[PDB]
Each structure stands twice: as C-alpha cells, then as structure tokens.
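The next block holds one structure in the form of structure tokens; read it before the comments.
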Amino acid sequence: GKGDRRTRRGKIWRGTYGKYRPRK
Amino acid sequence: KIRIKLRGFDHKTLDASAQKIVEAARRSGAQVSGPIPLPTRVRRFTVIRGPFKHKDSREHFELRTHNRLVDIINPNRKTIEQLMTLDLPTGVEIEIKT
Amino acid sequence: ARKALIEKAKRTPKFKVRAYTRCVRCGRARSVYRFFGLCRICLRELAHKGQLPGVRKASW
Amino acid sequence: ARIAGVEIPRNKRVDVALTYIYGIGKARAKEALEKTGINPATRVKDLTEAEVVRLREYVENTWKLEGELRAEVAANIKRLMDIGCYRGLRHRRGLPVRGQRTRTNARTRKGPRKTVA
Amino acid sequence: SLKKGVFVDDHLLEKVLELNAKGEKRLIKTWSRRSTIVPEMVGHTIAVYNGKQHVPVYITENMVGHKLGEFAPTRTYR
Amino acid sequence: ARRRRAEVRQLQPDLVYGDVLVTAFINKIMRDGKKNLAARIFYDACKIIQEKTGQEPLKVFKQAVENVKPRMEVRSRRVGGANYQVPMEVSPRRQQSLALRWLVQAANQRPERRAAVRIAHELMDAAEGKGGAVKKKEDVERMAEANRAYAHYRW
Amino acid sequence: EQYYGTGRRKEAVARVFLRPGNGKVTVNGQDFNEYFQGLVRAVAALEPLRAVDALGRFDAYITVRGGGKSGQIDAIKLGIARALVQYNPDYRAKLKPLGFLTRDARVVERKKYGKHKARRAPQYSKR
RNA sequence: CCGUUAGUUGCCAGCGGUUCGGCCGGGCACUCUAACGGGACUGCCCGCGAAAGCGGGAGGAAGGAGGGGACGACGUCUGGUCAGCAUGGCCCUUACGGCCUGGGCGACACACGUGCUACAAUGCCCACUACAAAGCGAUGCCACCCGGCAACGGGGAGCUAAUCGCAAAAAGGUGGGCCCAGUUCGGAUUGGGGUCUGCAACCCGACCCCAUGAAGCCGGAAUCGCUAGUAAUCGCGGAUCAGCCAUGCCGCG
Ligand SMILES: [Mg+2]
Ligand SMILES: [Mg+2]
Ligand SMILES: [Mg+2]
Ligand SMILES: [Mg+2]
C-alpha cells in the first residue's frame, strides 16, 4: 500500500507534512 | 512617520478608506506620498458544486485580500489628532507600526 | 449518529489521537475546512447566500 | 583474466562487470576501488595482470556474497515459516510481504494471470 | 521503525510481569496487540485477539522485533 | 471541419539558410517539446556533407524532396454498400507535408547508432533514387496508377 | 544619451536599453554571446539589425526579469525595435510591413476543473 | 496595449562608499505592484456578392468574437442524492440509542475503469553553470552552524508576512563516461540495516544504504483526447491536519 501504515514503499500518494516532517 | 497598512477584502472599501486616511493629515500637515498598493493576496477556494457523485462541475470562489500601504513623512502632533478623530470608517482593519 | 458524534468532538478524550473536525451547521464529518469550519456543503449554502465575508465567486 | 574466482565477467568494464555479481552494484564498487587504490576507468582486456587478485581477498573476506549470501536469505525465512507468524505465510502463499493489494497487481509474487471463467 | 526507544502496553506488564515473581504459569486472556515481542518474555504463551477470538502461540527466542499481532491471523482465508 | 475551409498556419523561416523549407523540417523532427535538441541533428548532418563532398547541404536537400513528393495517390472512400478505395492526384501542399513526415520516420529505421546519421542518409540515398523515402513514395503511385480504370469519380 | 526598450512575451520581462556604441551586448553581466551558449534561436534575438543592416553599430545594456527562456529571447526581439523609434522613428516601414513590431501574445491557458492539462479531458469509457 | 495616481520589490538606466552584494546615500522613468480610465466599433480605403457578409490592405499591439473564466432558458430523463441538511409516513426506545479494545472496506484463481515508469542513443549517469508564474506559513515556516556517508538530530538568524523563509525547480548549456546491450534504460519483489510523528507503525508509513535487479524489444481486434501556446514533454504550489488515504483533485509556469 503506497503511503499508508506498515510498509516502506513510496510516498507520492501519502504526502509527508505532519507525517514525520519538521515542525518546531 | 508612524506606519500603517490597509487590509480589506474589497478595494472599494479599502481604496476609499485609503483615500480617507490621506484626508486626516495631508490636509492637516505636510504632504504624504499616496497609498502604496501592495500586490493583492488571495485565498483561492474551489469547491465541488454537487453534494454527491458529480465530482466535476465544480465552482470556484476567492477570498481576496487587498493590501495597501500609506507612509507619512512628517508625523505632525496635530495631524495625529485628526487620525483617531476619524471614528467613522468602514468594515476594514488597520494596524499602526513603529 | 447525527446528534451523537459532534458531541464526541468536544470533550477531547484520548491523546492527540482522535482530534478531527466537524462542520457547524451541516455537522458533517469530512470535507470540512479549518478556515470556515464548514463542509463543502455547509459553506456554499451560505457562500452563495452571502454570510461569508469577501467570499465572492471566483472568475479568471 | 581469472577475476572474481566464482563467477567471471571478463572482457567488460571492471566496476560494472562487478555489478553482475550476486551482491555488487554501485557503491560496493566505490569503496572497493577506493580502498584498494585501483583506478576504475579501466577494462579487463588489457590491464596490469597483478590487479586481478587484490580485489579478491578484500571483497572475498569481510562480508558475504554469491553462494555465500542466499544462506542468510534462506535463513531469515524458513524460521518465519516454522514460526507461524503471518509474515512467514506471505512468502509461502504466493503473496507479497510488504503488504500490497491483491484485488489487482501482485503479479510479481505470482507471475501469471490465470483468468478462470 | 522503532527509533530511540521501544515499547509495550501497560497492563501487559501487569498481566505479564506478575508471571515472574516465581517464574509463573502461562494462561492469560487479554486484549492488546500492537505491543512489541518482549525479549524478557520468551517463556510464556500470550492471549492475542484476531476479531472474534484470541489465538495464541508458544513464544520462541527468534521472535523479538516482530509484533504480537502477527501470530493471530485475522482475515480467515488462508 | 465541415463549413469554412480553415487557415493554413504560416511558419517561421530558417535563420541559417533562407527558406521556410528548413524550419519546416526541424520542427518536424522535434520530439517531446525539445526544439534546439533537434536543430543539432539537422545541422550536425549539414556539417557532414560539407565534409563529405562539394555538395552543399541545402542545394541538395530539395532534390530528394522532389524525389519524395509523388504525383497521384489513393484515398479510402465509401460507396454503394461496402468499403473500397479511391485514387486521385496529390495536393501540392499535402505533397510537401507528406514528404517531410515521410522523411523523418525514415530516420529511426536506418541502422545508425548516432543521430544525424539517421538523417542525411535517407536524404542522400534519395538524392539519386535509391532510398526508403522513395520506396514508400512510389508504392502509393504503384498502388495508385495501377487503378487507372477507376475513371468515373476521379473528379 | 540612450534609448530604452520594453519587451514582454510569455509573461517574461526583459528591460532593453540601446546606446550608440560599437560592440558590447551583455545581460545582467554574464555575456549574451556566452550567456546563451548552445542555443539555436540565439541569432533570432538580434534580428532587427541585419534586417536594417545595422548590427555593427549601436550597443545594448540588457536586464531580464524572470520569465521563460525562449520568452526571454523573443521579448528581446521586441525591445530593440520597441526602443529607437523615440529619436529614430523612421525605422518603421521596413519592420511593421515585414512584421516585427508586435508582441505576438500567446499566454498559456489555465488549468480548468474537470479536465487535466487545461484542455485534455480524461479518458472516456462508455463501458 | 497604453495613461495617471502611488514607491519598504526593483535601480549605478546618472552619480558618491563599496568586504565590487542592490549592501548604502540617493532617486521613481524603467521592473513590479493595484485602483480608475483611453483603446477595436467593419472605423477608413482598394475591390467582390444587392443584403447581411467576404479576399484584403493600411494605421493600430491586436480586425472582423483577439484569447480563456464564470453565466447554463422552456422542458425530458417519474434522472442522482433521507448518507451534507430539513422533512411526511412506517419502524426501532431496555434497544436498530450510546462508550471502549481489536479486526474489516488494502481480503484474491480473476476481469474492467483512471492514472504512474517504461520497454531507451532526439538516449541514460556524474560533475559544473542561469531564468520562473503562482501558492503557503509565529507557537508555524526553517535559513544557517555542527553532527550525520543518508531520511534526519541539537543550536538558532529572520518572518505574524512584496522584506523572513518553504525554495533546491526539471527539460536547459558545457565536459567525461556508457557505443546497442536486455544495456551504467526501468525500478516490482524480497533479506538485513536506519532516522524521521504521534498513547501505538505486522495486515495497514515514508526517504536512504548493501543488494536482490521481473516482465518489458512498442503491443491484435478495437478504442481515447487534442485545431494553438492547444497536443506532448519538463518541473512548482494549495486545499482537510495529532497522524491518517494528496501519483487522484484544484491551481502555476
Ligand atoms: Mg501586443
Ligand atoms: Mg429524480
Ligand atoms: Mg523515475
Ligand atoms: Mg542523496
């Protein structure tokens, strides 16, 4: 499942903001 | 001297106000460089027209924000009186910065 | 679950774990905006109305 | 000459003929010709006939590769079968392991379509 | 990917650490899953749900980084 | 495409040579929206026959062109209650456009590893009459003038 | 002491500045000869000179501002002629009839909803 | 397209200091910005068809609708939506109401829809060297310094926003390699190893490393969009949000 829970595949479907991305 | 911008979603309410401020000093004290039109900022919202399946047929809205700026070159102790005196403006917000 | 789910979206129970949104009038789940707090529906039926300042209909 | 003892990819460019070994690709070629100071921009059809073996006992010691690799591969799996975990079942049932969708695709764990209608 | 720090649910240690004041038994009936297979617990059997029932398994040394929720299959097709 | 007979686009002529014909071909080789990357091929090929012989790469270009522009050709058209094909002459503008697209598509077929090689050859090999762009040209006339007997439509 | 030209095509901005020099033509520094090294339309940016038989004559300061590369060139092919006419106005009938003194505006089409690249509608499936 | 208004972006286009940067003094034509306005009406002329109209042509930026947006009549489809909402009527009210843990819509012998990379020399890697238009963000955006062989971690400049930043744009140009190979083309699968957000990442996240490197040699019957900056190609943002379905959508070049 590209961009979901428990794999590693690819993120051009899940995004990234708030995901693990820098906040403050 | 003291700094003010002018922010309104409608230029008509903003330009007039921007033309309104100039009255409370430029005809009260030294000349003022006229309003400084910032590039207008938009909040571009397009929404699906339909309430269900028809995903296309969408329609678009904008919550434009017109920003303009006015700088006085000589803050005159009497003109500032004329400022706060103008307690009849419109539904527009403004800020005063130093 | 109409009048049963929005109430949940108030007490804030478990950790930052179930913190979602909720339209006001329409009370709808998703398609809600954090700007208006309105579903894509509960916004139009006020946008076209006019109770949405500066929210004209776009054109360009 | 007799290069990688096991397999032999002669008459090609070294660095890349390296890649065609169960366990070699690109950066493996980097540290190699940057630890054994042997210049990569060479062939094998005409080089110093001594630079053949200096890559052996370096490449052929610290880590594992070729037939000395699919063990670990074969290792970390038979257990998972005999362990009863759901992941172990994936490899068996012709299914994927990094959980994809099987309503479509997953041919790479299958290979053929079978229709049946 | 379990970064700087690993975990395991709370009442699990309630339901699994009392199993060692004397190196105790094996029977259990609980409700957690997402926990981490505990290297300090390769000597019991753990009740793990699937959807309608708890299906356990004898724990084995090799099981460490994997999760307790994998030994309890859910979608009965296989 | 029924009522008014449209407008032919008029093109930007070449810079190097003085003819629309040149640009009329470079844009044709252009792929993927890559324009400068095509004039290289052409002009790299130009800078070969300059070295090949005393043949100017333009004053020859046009001859294989007139060796690729055919004369009369067929056209599929429905009559009666089935499907046949009808021949006719060839529109001169179409005759030109037909030539170019004939020319370029002959490139990739030629066994040539680089680029402009695929260009000049089919050009040169058609400068005397032994090129692929000639074969597919005459074949139409071979498929056309063999149908002289269809003398009633014709128009 | 000089004449200015404006040149905007494909929303590009390239301020054009003609002077009566000899042979200096650069862009923001760099060098137009070698700023644009490797082009094809490169000669086409200076056309209103050999068409007026006056390339070996004047000089030009150049400022660009954003815009597309070809749009940066095609706009220069304007501000040249979009200058000079101030005190050099007889430069017309050997230009406008030939057809240079025009913007040739071709601004893009915006993307529209229910489509893709502005006009390519999605695949259509009656089935 | 242009005029004016106005100068915290921009400017040596003219000058004075420059660590030779628009950094400064300085100035508002130019750049750009956003308010009102002139402008294009077959207006004129050479002809054609009486007529509307047509081949023009000049001037003009554009000429015959200049090019896109939004605007969708009477009415059919007893069309779609009780699941955005309101609501008649029937029903459920010790539950057909409500809370939690876990599981499921991602399940797979299959098949279709819409897209994604390609199956390569106009080609593919590595290094170096410029141009955006729009959009967004203080309890947030993240420069920059160090650490990290990398996603990233500690410190922290600026910015409540034409200033600060996201932000490095790719195709482009130079230069070397690869000289047709199932390839230095493609990344599916999979072993091991990581950082990165939140009570918690197996089914059911990325990015990165050592690889493993599958079919893929241009595709039948058919069939799809597209008449101009459109088609193709290349890349840049937004919208819901503790995380979360964002290669789909809506915008920009
Ligand atoms: Mg114009
Ligand atoms: Mg109906
Ligand atoms: Mg790719
Ligand atoms: Mg990297």
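We name chains A, B, ... following the order of the structure tokens; residues begin at 1 in each chain, and ligands are numbered from 1 as shown.
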Near residue 42 (chain C), counting only C-alpha atoms (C1' of nucleotides), which residues have an atom at most 9 Å away, once you skip same-chain residues fewer than 4 positions from it, shown as a list in words?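 The filter keeps residues 23, 24, 25, 26, 27, 28, 32, 37, 38, 46 and 47 of chain C; 84 and 85 of chain H.
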Report as an MDAnalysis selection string the set of chain B residues whose atoms approach chain G to within 10 Å, with distances computed over only C-alpha atoms. chainID B and resid 46:48 55:60
For C-alpha atoms, I'd like the residues from the last selection saved as a PDB file, in the first residue's frame.
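Writing done, so here's selection-v4.pdb:
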```
ATOM      1  CA  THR B  46     -12.622  25.866  -5.480  1.00  0.00           C
ATOM      2  CA  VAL B  47     -15.414  23.559  -4.327  1.00  0.00           C
ATOM      3  CA  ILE B  48     -17.366  20.737  -5.940  1.00  0.00           C
ATOM      4  CA  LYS B  55     -17.205  15.309  -8.667  1.00  0.00           C
ATOM      5  CA  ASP B  56     -16.669  17.544 -11.678  1.00  0.00           C
ATOM      6  CA  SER B  57     -18.849  20.579 -12.452  1.00  0.00           C
ATOM      7  CA  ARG B  58     -17.047  22.316  -9.591  1.00  0.00           C
ATOM      8  CA  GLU B  59     -17.271  26.047  -8.860  1.00  0.00           C
ATOM      9  CA  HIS B  60     -14.572  28.435  -7.685  1.00  0.00           C
TER      10      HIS B  60
END
```
Env of residue 1 (chain A): 7 Å cut, atoms = only C-alpha atoms (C1' of nucleotides), seq-sep filter 3 positions within chain, self excluded. Answer as a PDB file with N, CA, C and O atoms (P, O5', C5', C4', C3', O3' and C1' of nucleotides), in the first residue's frame.
```pdb
ATOM      1  N   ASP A   4       0.714   4.467   3.478  1.00  0.00           N
ATOM      2  CA  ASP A   4      -0.371   4.118   4.387  1.00  0.00           C
ATOM      3  C   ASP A   4       0.122   3.870   5.809  1.00  0.00           C
ATOM      4  O   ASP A   4       0.360   4.824   6.556  1.00  0.00           O
TER       5      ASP A   4
ATOM      6  N   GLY D  99       3.028  -6.091   2.366  1.00  0.00           N
ATOM      7  CA  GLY D  99       1.593  -5.907   2.223  1.00  0.00           C
ATOM      8  C   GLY D  99       1.085  -4.920   1.192  1.00  0.00           C
ATOM      9  O   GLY D  99       0.960  -3.728   1.480  1.00  0.00           O
ATOM     10  N   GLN D 100       0.796  -5.402  -0.015  1.00  0.00           N
ATOM     11  CA  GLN D 100       0.202  -4.549  -1.035  1.00  0.00           C
ATOM     12  C   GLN D 100      -1.273  -4.869  -1.183  1.00  0.00           C
ATOM     13  O   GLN D 100      -1.923  -5.306  -0.228  1.00  0.00           O
ATOM     14  N   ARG D 101      -1.801  -4.662  -2.381  1.00  0.00           N
ATOM     15  CA  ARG D 101      -3.170  -5.012  -2.710  1.00  0.00           C
ATOM     16  C   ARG D 101      -3.176  -6.228  -3.619  1.00  0.00           C
ATOM     17  O   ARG D 101      -2.306  -6.374  -4.482  1.00  0.00           O
TER      18      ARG D 101
ATOM     19  P     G H 106     -11.075  -1.401  -0.470  1.00  0.00           P
ATOM     20  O5'   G H 106      -9.568  -1.724  -0.088  1.00  0.00           O
ATOM     21  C5'   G H 106      -9.115  -3.067  -0.055  1.00  0.00           C
ATOM     22  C4'   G H 106      -7.611  -3.152  -0.028  1.00  0.00           C
ATOM     23  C3'   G H 106      -7.041  -4.477   0.446  1.00  0.00           C
ATOM     24  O3'   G H 106      -6.965  -5.412  -0.616  1.00  0.00           O
ATOM     25  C1'   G H 106      -5.897  -2.656   1.483  1.00  0.00           C
TER      26        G H 106
END
```
Can you pull out every residue within 7 Å of region 87-98 of chain D, counting only C-alpha atoms (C1' of nucleotides), but drop anything in the same chain fewer than 2 positions away, and send it as a compact mmCIF listing (two decimals) with N, CA, C and O atoms, in the first residue's frame?
```txt
# COMPACT_ATOMS: atom_id res chain seq x y z
N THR A 7 4.49 -0.46 5.75
CA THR A 7 5.48 -0.98 4.80
C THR A 7 6.68 -0.05 4.70
O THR A 7 7.29 0.30 5.71
N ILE D 77 13.91 -16.87 6.78
CA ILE D 77 12.62 -17.14 6.15
C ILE D 77 12.05 -18.48 6.60
O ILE D 77 10.89 -18.56 7.02
N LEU D 80 10.66 -18.11 9.74
CA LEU D 80 9.40 -17.38 9.70
C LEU D 80 8.25 -18.26 9.24
O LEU D 80 7.11 -18.07 9.66
N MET D 81 8.53 -19.22 8.36
CA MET D 81 7.56 -20.27 8.09
C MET D 81 7.28 -21.06 9.36
O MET D 81 6.17 -21.05 9.89
N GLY D 84 5.22 -19.51 12.40
CA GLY D 84 3.79 -19.32 12.45
C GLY D 84 3.32 -17.89 12.39
O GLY D 84 2.11 -17.65 12.46
N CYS D 85 4.23 -16.93 12.28
CA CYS D 85 3.85 -15.54 12.12
C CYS D 85 3.18 -15.33 10.78
O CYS D 85 3.38 -16.09 9.83
N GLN D 100 0.80 -5.40 -0.01
CA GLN D 100 0.20 -4.55 -1.04
C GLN D 100 -1.27 -4.87 -1.18
O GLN D 100 -1.92 -5.31 -0.23
N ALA D 106 0.17 -7.52 -7.78
CA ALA D 106 0.82 -8.64 -7.10
C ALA D 106 1.15 -9.76 -8.08
O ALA D 106 1.19 -10.94 -7.70
N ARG D 109 4.72 -11.45 -7.19
CA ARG D 109 4.68 -12.65 -6.36
C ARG D 109 3.92 -13.78 -7.02
O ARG D 109 3.96 -14.91 -6.52
N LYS D 110 3.23 -13.51 -8.12
CA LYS D 110 2.54 -14.56 -8.85
C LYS D 110 3.33 -14.91 -10.10
O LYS D 110 4.03 -15.92 -10.14
```
Spatial neighbours of residue 36 (chain G), max dist 12 Å, only C-alpha atoms (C1' of nucleotides), sep filter under 3 positions, as a ChimeraX atom specification: /G:25-27,30-33,39-45,69-70,72-73 /H:129-131,172-174
Counting only C-alpha atoms (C1' of nucleotides) and all ligand atoms, what residues are within 12 Å of ligand 1, given as a ChimeraX atom specification? /G:6-10,75,78,82,100-107 /H:1-2,60-62,66
What residues have any atom no more than 12 Å from ligand 4 when counting only C-alpha atoms (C1' of nucleotides) and all ligand atoms, and can you list them as a VMD selection string? chain H and resid 149 to 151 207 to 209
So which bits of chain D end up alpha helix (DSSP H) when you DSSP the backbone, as a ChimeraX atom specification? /D:14-19,27-35,56-59,70-82,86-92
Please save C-alpha atoms of the selected residues as a CSV table (one decimal), in the first residue's frame.
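File written: again03.csv
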```
chain,number,residue,atom,x,y,z
D,14,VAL,CA,35.5,-3.7,-14.2
D,15,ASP,CA,33.4,-1.6,-12.0
D,16,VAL,CA,30.3,-2.6,-13.9
D,17,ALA,CA,31.2,-6.2,-14.6
D,18,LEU,CA,31.4,-6.1,-10.8
D,19,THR,CA,27.7,-5.2,-10.6
D,27,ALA,CA,28.7,1.8,-4.1
D,28,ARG,CA,30.1,-1.6,-3.5
D,29,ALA,CA,32.3,-0.7,-6.5
D,30,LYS,CA,33.1,2.7,-4.9
D,31,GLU,CA,34.8,1.7,-1.6
D,32,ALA,CA,36.4,-1.2,-3.5
D,33,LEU,CA,38.4,0.9,-5.9
D,34,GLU,CA,38.8,3.5,-3.2
D,35,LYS,CA,40.2,1.1,-0.5
D,56,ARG,CA,39.7,-11.0,-4.1
D,57,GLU,CA,40.8,-11.2,-0.5
D,58,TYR,CA,39.3,-7.8,0.1
D,59,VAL,CA,35.9,-8.5,-1.5
D,70,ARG,CA,21.5,-16.7,0.0
D,71,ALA,CA,22.0,-18.7,3.2
D,72,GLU,CA,21.1,-15.7,5.3
D,73,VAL,CA,18.4,-15.1,2.7
D,74,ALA,CA,17.2,-18.7,3.1
D,75,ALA,CA,17.9,-18.3,6.8
D,76,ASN,CA,15.7,-15.4,7.8
D,77,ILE,CA,12.6,-17.1,6.1
D,78,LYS,CA,12.4,-20.9,6.9
D,79,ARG,CA,12.2,-19.8,10.6
D,80,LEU,CA,9.4,-17.4,9.7
D,81,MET,CA,7.6,-20.3,8.1
D,82,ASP,CA,8.2,-22.6,11.1
D,86,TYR,CA,1.6,-14.0,9.5
D,87,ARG,CA,4.6,-12.6,7.6
D,88,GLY,CA,6.1,-16.1,7.1
D,89,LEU,CA,2.8,-17.1,5.4
D,90,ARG,CA,3.2,-14.4,2.9
D,91,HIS,CA,6.3,-15.8,1.1
D,92,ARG,CA,4.5,-19.2,1.0
```
